[PDB]
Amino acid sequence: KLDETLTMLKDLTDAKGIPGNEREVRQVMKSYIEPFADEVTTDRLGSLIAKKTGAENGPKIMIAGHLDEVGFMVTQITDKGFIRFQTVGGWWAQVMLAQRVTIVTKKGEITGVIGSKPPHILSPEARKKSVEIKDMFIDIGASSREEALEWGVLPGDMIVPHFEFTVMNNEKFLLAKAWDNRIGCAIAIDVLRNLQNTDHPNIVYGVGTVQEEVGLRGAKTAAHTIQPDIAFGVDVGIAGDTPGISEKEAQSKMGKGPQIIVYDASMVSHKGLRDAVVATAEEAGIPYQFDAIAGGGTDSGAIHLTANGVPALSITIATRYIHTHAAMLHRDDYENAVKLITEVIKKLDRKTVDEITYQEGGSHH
């Protein structure tokens, strides 16, 4: 039995949606978030936008998670019925072999397994070197291209990992596919939920962007549609609390609070906004951790470059095994991220946003 929160997280992570194929996820997020929004719309690529007005002419605050999860796409059916695919999102070859996947065809779902050449047929050296993704295939038990086509398989079909939502013996730890970034979508939902019963001097947009995993694409189009004054990118961060990792390599720990990202490859955090958020956490007694993502980015990267620019900050959840069939995250970090963003939004009136944005006067002009 799962409570209201876990039920929602399970529904979100259960949804299937890779870049350019996010509809099912959008439908689930929409059902959960509309009760807390005055208006729900989408951009032309499919990003879900839920608007909640707290103050008619108040500043616009964008909270962005992303609907897409990393996956694969059918590209070819061999003469013998095997499926060739293309990775859509960043995948590490070493977590793919012998994994169960689901191909979503026009005729329904088809279960398959990712495979390669048997080890004994490879050279002792090649047996130690990682198999190349381009040399992998998916087996669905077909014996010819004709048969696979008859079953409904076609180039372009979405292929998604299959994994059952699992609550660990310590119920705070949750194992599931796509925490990246259904957890961010969840954060946007629950923040709007909190705003239904508390005043906020602004207009808040809970957003589920599309195609973040292929280049922060939906974030660009969604932000253009919204024209936000402030933005918070919510996503997952890499946890460094597993065997073999030193603090120098990854300092964050699950359960120690949401991560305040000071820097990532797509954006240098806005100091004014960053300081405002940190101050709020301290005042509210909310735990948090600082971190940086040298080789990664978040939707904030695209959002902050919209029009005249947008002061923004990324807040993430330290997660283990990102971009694999089963990631693990801590419920307290999730709940505290929601509380932190809610408390910050309550302070973001026009005056505060103007001063955070224009630091040399005439800010209210």
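A residue's number is simply how far along the shown sequence it sits, counting from 1.
**OP:** Mind pulling up the entry and telling me whether 161-169 or 291-299 has the higher mean Cα temperature factor?
**Re:** Between 161-169 and 291-299, it is 291-299.
Original post:
Which has higher Cα B-factors on average according to the PDB entry: 54-62 or 32-40?
Top reply: Comparing averages over the C-alpha atoms only gives 54-62.
Subject >> Identity of residue with top Cα B-factor, from 125, 190, 212, 229 >> reply: Checking the PDB record, the top C-alpha B-factor among 125, 190, 212, 229 is at 125.
Original post:
Between 223, 175, 140, 238, which carries the biggest CA temperature factor in the record?
Top reply: In the PDB entry, the greatest C-alpha B-factor among 223, 175, 140, 238 is found at 238.
Original post:
Going by the entry, which third of its chain does the Cα temperature factor of residue 356 land in?
Top reply: For residue 356, whose C-alpha B-factor we compare with every modelled residue in the chain, the answer is the highest third.
Original post:
Which third, lowest, middle or highest, does the CA B-factor of residue 23 fall in along this chain?
Top reply: Lowest third of the chain for residue 23's C-alpha B-factor.
Subject >> Assigned third (lowest, middle, highest) for the C-alpha B factor of residue 304 >> reply: As the PDB entry reports it, the C-alpha B-factor of residue 304 lands in the lowest third of its chain.
Subject >> Within-chain third of residue 85 by Cα B-factor, per the entry >> reply: Ranked within chain, residue 85 CA B lands in the middle tercile.
Subject >> Chain-relative CA temperature factor third for residue 149 >> reply: Residue 149: CA B-factor falls in the highest third of its chain.
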